[PDB]
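To start, the structure under review is shown below, and the notes come after it.
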Amino acid sequence: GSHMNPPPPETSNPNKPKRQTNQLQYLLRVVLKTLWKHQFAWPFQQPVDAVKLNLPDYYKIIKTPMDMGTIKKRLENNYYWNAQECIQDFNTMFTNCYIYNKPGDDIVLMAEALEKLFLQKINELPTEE
Ligand SMILES: COc1cc(Br)ccc1O
């Protein structure tokens, strides 16, 4: 895309060891599936296009970008070794939103609704088997 947006996060790397675990399967089949289809998912389904949104400071502030489209691809590509890596990606996505935006803001309200759902689902994450 625009040279003024950063390259998106890595979703493929043959040198990175990978595994499928039951926890990772749950994160794709239950957690991501639930959040992806939520009414408020759309701002989080792809990287922030700071040029199109006219937010030239976005990637000055947010140095650790993450989005659900990247997480979806990481899960589909079996990019992760364990569930914590994936959970950390979701946490980074929510924290980016809270850092950049204000407590009033529509996108924050949306992120908070998604994060509540995420927490509920992670509380039921199965033991690794
Ligand atoms: C309002 O700024 C934004 C912040 C994040 Br994080 C995602 C989308 C946005 O529009």
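To convert, take the position in the sequence shown, counting from 1, and add 39; that gives the entry's author numbering.
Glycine is no exception: its CB is placed at the ideal position from the N, C-alpha and C atoms.
Three-state class that DSSP yields for residue i in the structure shown
| i | result |
| --- | --- |
| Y98 | helix |
| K55 | coil |
| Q64 | helix |
| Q127 | helix |
| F79 | coil |
| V69 | helix |
Residue i: first and last residue of the uninterrupted alpha helix (DSSP H) it sits in
| i | result |
| --- | --- |
| residue 174 | Residue 174 lies beyond the residue range present for the chain, which begins at 40 and ends at 168; the question has no answer from this structure. |
| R113 | 107-115 |
| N121 | Where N121 is concerned, there is no enclosing alpha helix (DSSP H), given that its DSSP letter is neither H nor E. |
| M149 | 145-162 |
Same chain, Cβ closer than 7 Å to residue i, neighbours up to 5 away in sequence not counted
| i | result |
| --- | --- |
| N140 | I146, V147 |
Neighbourhood of residue i by C-beta distance below 8 Å, restricted to the same chain and skipping five residues each side
| i | result |
| --- | --- |
| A152 | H77, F79 |
| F157 | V70, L74, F129, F133 |
| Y119 | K57, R58, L63, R113, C125 |
| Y97 | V87, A89, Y139 |
Cβ-Cβ distance between residue i and residue j below 7 Å
| i | j | result |
| --- | --- | --- |
| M107 | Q84 | yes |
| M105 | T131 | yes |
| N52 | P165 | no |
| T50 | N117 | no |
| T109 | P48 | yes |
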